[PDB]
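Report on the following structure.
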Amino acid sequence: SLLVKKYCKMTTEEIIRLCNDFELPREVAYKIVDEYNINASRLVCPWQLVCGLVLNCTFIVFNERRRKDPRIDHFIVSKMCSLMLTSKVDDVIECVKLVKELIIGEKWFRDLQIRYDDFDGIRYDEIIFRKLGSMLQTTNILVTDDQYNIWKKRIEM
DNA sequence: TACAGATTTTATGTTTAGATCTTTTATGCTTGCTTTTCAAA
């Protein structure tokens with residue numbers, strides 16, 4: 001496993017290669033890199049921070065494709081369990097929920113969540129009614145309209 | 001206007017809620033000293 005390794009010498013190009021393995025554009029990848037540099041030391045296992053940062057941005061950037069296909073989540077989790085050479089899927093979840101606590105308040109994470117409309121996996125137009133306690137909020141009980149149209153196309157083909 | 005009755009005035013007692021002030025005791029900072037685990041050789 002790469003999450004047990006302590007005090008590793010990370011070049012600046014390995015993080016860009018790991019970000020390009022998850023199709024992150026240049027701004028978010030450079031922000032992950034800069035987030036690594038300002039906490040370069042004070043670090044125990046760099047791979048845990050980089051892995052949590054990359055997957056935390058991955059669920060934000062690709063949140064449109066994660067609502068349509070729930071398999072994408074397992075798929076990306078497994079690519080990660082791989083690039084970290086680990087067979088335990090709870091270590092990756094521990095990594096992302098430990099990195100989320102260090103990134104939940106910054107300005108750039110705020111800009112990313114605003115621009116891709118992520119807000120812990122929710123649109124703003126739903127989360128304002130979850131926070132208000134609306135009776136008329138959208139319930140995850142009925143199928144999505146576009147998902148139902150996609151299924152109707154799948155049975156038409 | 002006289003008057004019985006009802007209410008007000010003056011006067012005091014009973015009980016609870018809270019304020020203030022003092023005295024003794026907990027506690028938080030200072031500073032110097034000893035032990036201990038964690039980020040490099």
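Simple scheme: letters A, B, ... for chains in structure tokens order, numbers from 1 for residues in each chain, numbers from 1 for ligands in the order shown.
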
DSSP on the backbone, helix (DSSP H, G or I) only: what residues of stretch 30-96 of chain A does that give? Format it as a ChimeraX atom specification. /A:30-38,46-61,63-68,71-83,89-96

Selection file, N, CA and C atoms, as a compact mmCIF listing (two decimals), in the first residue's frame:
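Wrote part-v7.txt, looks like this:
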```
# COMPACT_ATOMS: atom_id res chain seq x y z
N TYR A 30 -3.67 22.28 -10.59
CA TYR A 30 -2.71 23.21 -10.00
C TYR A 30 -3.12 23.63 -8.59
N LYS A 31 -4.42 23.65 -8.30
CA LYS A 31 -4.85 23.98 -6.94
C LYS A 31 -4.56 22.84 -5.97
N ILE A 32 -4.72 21.59 -6.43
CA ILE A 32 -4.33 20.42 -5.63
C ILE A 32 -2.83 20.42 -5.38
N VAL A 33 -2.05 20.77 -6.41
CA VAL A 33 -0.59 20.87 -6.28
C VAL A 33 -0.21 21.94 -5.26
N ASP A 34 -0.82 23.13 -5.37
CA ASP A 34 -0.53 24.23 -4.45
C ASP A 34 -0.99 23.92 -3.04
N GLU A 35 -2.09 23.17 -2.89
CA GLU A 35 -2.52 22.70 -1.58
C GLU A 35 -1.53 21.72 -0.99
N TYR A 36 -0.87 20.92 -1.83
CA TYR A 36 0.19 20.05 -1.33
C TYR A 36 1.40 20.86 -0.86
N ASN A 37 1.79 21.89 -1.63
CA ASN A 37 3.02 22.62 -1.32
C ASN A 37 2.92 23.42 -0.02
N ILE A 38 1.77 24.03 0.26
CA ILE A 38 1.67 24.82 1.49
C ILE A 38 1.54 23.96 2.73
N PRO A 46 1.98 11.90 2.74
CA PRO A 46 1.56 12.68 1.56
C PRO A 46 0.52 12.07 0.62
N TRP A 47 0.64 10.76 0.35
CA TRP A 47 -0.31 10.06 -0.51
C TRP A 47 -1.75 10.13 0.00
N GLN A 48 -1.95 10.13 1.33
CA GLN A 48 -3.30 10.26 1.87
C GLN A 48 -3.91 11.62 1.53
N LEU A 49 -3.12 12.69 1.66
CA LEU A 49 -3.59 14.03 1.33
C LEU A 49 -3.86 14.17 -0.16
N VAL A 50 -2.95 13.67 -1.00
CA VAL A 50 -3.09 13.81 -2.45
C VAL A 50 -4.27 12.98 -2.95
N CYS A 51 -4.46 11.78 -2.39
CA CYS A 51 -5.56 10.90 -2.77
C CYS A 51 -6.91 11.50 -2.37
N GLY A 52 -6.99 12.03 -1.14
CA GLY A 52 -8.22 12.66 -0.70
C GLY A 52 -8.56 13.91 -1.50
N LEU A 53 -7.54 14.71 -1.84
CA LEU A 53 -7.74 15.91 -2.65
C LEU A 53 -8.24 15.56 -4.04
N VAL A 54 -7.63 14.55 -4.67
CA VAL A 54 -7.97 14.19 -6.04
C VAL A 54 -9.38 13.60 -6.11
N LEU A 55 -9.73 12.71 -5.17
CA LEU A 55 -11.09 12.16 -5.20
C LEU A 55 -12.14 13.18 -4.77
N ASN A 56 -11.81 14.08 -3.84
CA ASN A 56 -12.75 15.13 -3.43
C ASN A 56 -13.05 16.07 -4.59
N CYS A 57 -12.05 16.39 -5.41
CA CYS A 57 -12.32 17.18 -6.60
C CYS A 57 -12.99 16.35 -7.69
N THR A 58 -12.74 15.03 -7.71
CA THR A 58 -13.34 14.15 -8.71
C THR A 58 -14.85 14.03 -8.53
N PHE A 59 -15.31 13.94 -7.28
CA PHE A 59 -16.76 13.87 -7.06
C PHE A 59 -17.45 15.20 -7.32
N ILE A 60 -16.70 16.30 -7.38
CA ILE A 60 -17.28 17.61 -7.66
C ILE A 60 -17.34 17.88 -9.16
N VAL A 61 -16.23 17.63 -9.86
CA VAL A 61 -16.14 17.91 -11.29
C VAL A 61 -17.08 17.00 -12.08
N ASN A 63 -19.80 15.39 -11.04
CA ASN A 63 -21.05 15.17 -10.33
C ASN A 63 -22.25 15.04 -11.26
N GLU A 64 -22.15 15.57 -12.49
CA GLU A 64 -23.20 15.35 -13.47
C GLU A 64 -23.24 13.89 -13.92
N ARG A 65 -22.08 13.28 -14.15
CA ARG A 65 -22.03 11.90 -14.59
C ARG A 65 -22.22 10.91 -13.44
N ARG A 66 -22.07 11.34 -12.19
CA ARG A 66 -22.29 10.44 -11.06
C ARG A 66 -23.76 10.28 -10.70
N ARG A 67 -24.60 11.26 -11.03
CA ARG A 67 -26.03 11.12 -10.79
C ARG A 67 -26.68 10.21 -11.83
N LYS A 68 -26.21 10.27 -13.08
CA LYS A 68 -26.76 9.41 -14.12
C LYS A 68 -26.32 7.96 -13.95
N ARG A 71 -22.50 3.68 -10.99
CA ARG A 71 -21.31 2.80 -11.11
C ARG A 71 -20.03 3.64 -11.18
N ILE A 72 -20.12 4.87 -11.69
CA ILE A 72 -18.88 5.67 -11.86
C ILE A 72 -18.18 5.74 -10.50
N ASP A 73 -18.94 5.80 -9.42
CA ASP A 73 -18.32 5.97 -8.07
C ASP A 73 -17.43 4.77 -7.77
N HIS A 74 -18.00 3.57 -7.76
CA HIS A 74 -17.20 2.35 -7.56
C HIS A 74 -16.01 2.36 -8.52
N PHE A 75 -16.24 2.69 -9.79
CA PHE A 75 -15.12 2.60 -10.76
C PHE A 75 -13.96 3.48 -10.32
N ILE A 76 -14.24 4.73 -9.98
CA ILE A 76 -13.15 5.68 -9.63
C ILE A 76 -12.51 5.23 -8.31
N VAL A 77 -13.34 4.74 -7.38
CA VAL A 77 -12.80 4.25 -6.09
C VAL A 77 -11.78 3.15 -6.38
N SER A 78 -12.08 2.25 -7.31
CA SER A 78 -11.19 1.11 -7.62
C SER A 78 -9.94 1.60 -8.35
N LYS A 79 -10.09 2.52 -9.30
CA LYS A 79 -8.86 3.04 -9.93
C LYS A 79 -7.97 3.55 -8.80
N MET A 80 -8.58 4.16 -7.78
CA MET A 80 -7.71 4.75 -6.72
C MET A 80 -7.10 3.63 -5.88
N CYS A 81 -7.91 2.66 -5.47
CA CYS A 81 -7.40 1.56 -4.64
C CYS A 81 -6.20 1.00 -5.38
N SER A 82 -6.23 1.10 -6.70
CA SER A 82 -5.10 0.58 -7.51
C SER A 82 -3.91 1.52 -7.41
N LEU A 83 -4.02 2.72 -7.96
CA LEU A 83 -2.83 3.61 -7.98
C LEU A 83 -2.19 3.73 -6.59
N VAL A 89 -10.83 -0.98 0.63
CA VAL A 89 -11.57 0.17 0.11
C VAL A 89 -11.94 1.16 1.21
N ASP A 90 -11.85 0.75 2.48
CA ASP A 90 -12.14 1.66 3.58
C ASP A 90 -11.01 2.64 3.84
N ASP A 91 -9.79 2.32 3.40
CA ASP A 91 -8.67 3.24 3.54
C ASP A 91 -8.85 4.47 2.66
N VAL A 92 -9.39 4.28 1.46
CA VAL A 92 -9.61 5.39 0.54
C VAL A 92 -10.73 6.30 1.05
N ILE A 93 -11.78 5.70 1.61
CA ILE A 93 -12.87 6.47 2.20
C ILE A 93 -12.38 7.22 3.44
N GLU A 94 -11.51 6.59 4.23
CA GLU A 94 -10.89 7.28 5.36
C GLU A 94 -10.02 8.44 4.89
N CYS A 95 -9.31 8.25 3.78
CA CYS A 95 -8.47 9.31 3.21
C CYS A 95 -9.31 10.50 2.77
N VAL A 96 -10.42 10.25 2.07
CA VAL A 96 -11.21 11.37 1.57
C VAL A 96 -11.98 12.06 2.70
```

Per-residue nearest contacts chain B to chain A, cut-off 12 Å, using only C-alpha atoms (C1' of nucleotides), as a tab-separated table:
```
residue	atom	partner	partner_atom	distance
B:38	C1'	A:44	CA	10.5
B:39	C1'	A:7	CA	8.5
B:40	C1'	A:7	CA	9.6
```

Point-to-point distance in Å for atom CA of residue A:120 and atom CA of residue A:41: 28.7 Å

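The interatomic distance for the pair atom CA of residue A:125 and atom CA of residue A:137 works out to 9.5 Å.
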
Residue with smallest distance to residue A:116 - pool A:154, A:43, A:62, A:5, counting only C-alpha atoms: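 Among the listed residues, the smallest separation from residue A:116 belongs to A:62.
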
Proximity to residue A:86 - best of A:146, A:19, A:1, A:39, only C-alpha atoms: A:1

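In this model, the gap between atom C1' of residue B:36 and atom CA of residue A:9 comes to 28.2 Å.
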
Surrounding residues of residue A:126 excluding itself and chain neighbours under 3 positions, 12 Å, only C-alpha atoms (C1' of nucleotides), as a PDB file with N, CA and C atoms, in the first residue's frame:
```
ATOM      1  N   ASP A 117     -21.648  23.337  -8.923  1.00  0.00           N
ATOM      2  CA  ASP A 117     -22.917  23.180  -8.193  1.00  0.00           C
ATOM      3  C   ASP A 117     -22.990  21.829  -7.472  1.00  0.00           C
ATOM      4  N   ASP A 118     -22.065  21.628  -6.532  1.00  0.00           N
ATOM      5  CA  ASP A 118     -21.879  20.321  -5.915  1.00  0.00           C
ATOM      6  C   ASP A 118     -22.435  20.236  -4.499  1.00  0.00           C
ATOM      7  N   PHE A 119     -22.018  21.133  -3.593  1.00  0.00           N
ATOM      8  CA  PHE A 119     -22.572  21.372  -2.241  1.00  0.00           C
ATOM      9  C   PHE A 119     -22.920  20.092  -1.472  1.00  0.00           C
ATOM     10  N   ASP A 120     -21.904  19.226  -1.339  1.00  0.00           N
ATOM     11  CA  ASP A 120     -22.033  17.845  -0.846  1.00  0.00           C
ATOM     12  C   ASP A 120     -23.037  17.037  -1.675  1.00  0.00           C
ATOM     13  N   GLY A 121     -22.807  16.999  -2.988  1.00  0.00           N
ATOM     14  CA  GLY A 121     -23.558  16.133  -3.880  1.00  0.00           C
ATOM     15  C   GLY A 121     -24.942  16.609  -4.259  1.00  0.00           C
ATOM     16  N   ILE A 122     -25.303  17.852  -3.932  1.00  0.00           N
ATOM     17  CA  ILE A 122     -26.663  18.353  -4.093  1.00  0.00           C
ATOM     18  C   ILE A 122     -26.601  19.619  -4.961  1.00  0.00           C
ATOM     19  N   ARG A 123     -27.677  19.897  -5.690  1.00  0.00           N
ATOM     20  CA  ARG A 123     -27.777  21.219  -6.290  1.00  0.00           C
ATOM     21  C   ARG A 123     -28.229  22.219  -5.231  1.00  0.00           C
ATOM     22  N   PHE A 129     -33.909  23.828   0.120  1.00  0.00           N
ATOM     23  CA  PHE A 129     -35.149  23.288   0.656  1.00  0.00           C
ATOM     24  C   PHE A 129     -34.923  22.128   1.615  1.00  0.00           C
ATOM     25  N   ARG A 130     -33.811  21.396   1.476  1.00  0.00           N
ATOM     26  CA  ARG A 130     -33.432  20.478   2.552  1.00  0.00           C
ATOM     27  C   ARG A 130     -33.070  21.239   3.822  1.00  0.00           C
ATOM     28  N   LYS A 131     -32.350  22.359   3.689  1.00  0.00           N
ATOM     29  CA  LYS A 131     -31.978  23.144   4.860  1.00  0.00           C
ATOM     30  C   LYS A 131     -33.176  23.867   5.459  1.00  0.00           C
ATOM     31  N   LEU A 132     -34.099  24.344   4.619  1.00  0.00           N
ATOM     32  CA  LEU A 132     -35.301  24.977   5.147  1.00  0.00           C
ATOM     33  C   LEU A 132     -36.236  23.978   5.816  1.00  0.00           C
ATOM     34  N   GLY A 133     -36.191  22.711   5.420  1.00  0.00           N
ATOM     35  CA  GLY A 133     -37.087  21.725   5.986  1.00  0.00           C
ATOM     36  C   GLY A 133     -38.396  21.681   5.233  1.00  0.00           C
ATOM     37  N   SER A 134     -38.313  21.852   3.916  1.00  0.00           N
ATOM     38  CA  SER A 134     -39.500  21.915   3.079  1.00  0.00           C
ATOM     39  C   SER A 134     -40.165  20.554   2.960  1.00  0.00           C
ATOM     40  N   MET A 135     -41.494  20.549   3.066  1.00  0.00           N
ATOM     41  CA  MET A 135     -42.244  19.334   2.782  1.00  0.00           C
ATOM     42  C   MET A 135     -42.205  18.997   1.297  1.00  0.00           C
ATOM     43  N   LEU A 136     -42.104  20.005   0.430  1.00  0.00           N
ATOM     44  CA  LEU A 136     -42.129  19.815  -1.014  1.00  0.00           C
ATOM     45  C   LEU A 136     -40.743  19.614  -1.621  1.00  0.00           C
ATOM     46  N   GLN A 137     -39.768  19.163  -0.839  1.00  0.00           N
ATOM     47  CA  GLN A 137     -38.440  18.943  -1.386  1.00  0.00           C
ATOM     48  C   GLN A 137     -38.405  17.658  -2.207  1.00  0.00           C
ATOM     49  N   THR A 138     -37.410  17.573  -3.084  1.00  0.00           N
ATOM     50  CA  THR A 138     -37.289  16.437  -3.990  1.00  0.00           C
ATOM     51  C   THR A 138     -36.830  15.203  -3.224  1.00  0.00           C
ATOM     52  N   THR A 139     -37.606  14.131  -3.323  1.00  0.00           N
ATOM     53  CA  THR A 139     -37.344  12.894  -2.606  1.00  0.00           C
ATOM     54  C   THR A 139     -36.693  11.890  -3.548  1.00  0.00           C
ATOM     55  N   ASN A 140     -35.673  11.187  -3.052  1.00  0.00           N
ATOM     56  CA  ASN A 140     -35.001  10.140  -3.821  1.00  0.00           C
ATOM     57  C   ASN A 140     -35.779   8.822  -3.725  1.00  0.00           C
TER      58      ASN A 140
END
```
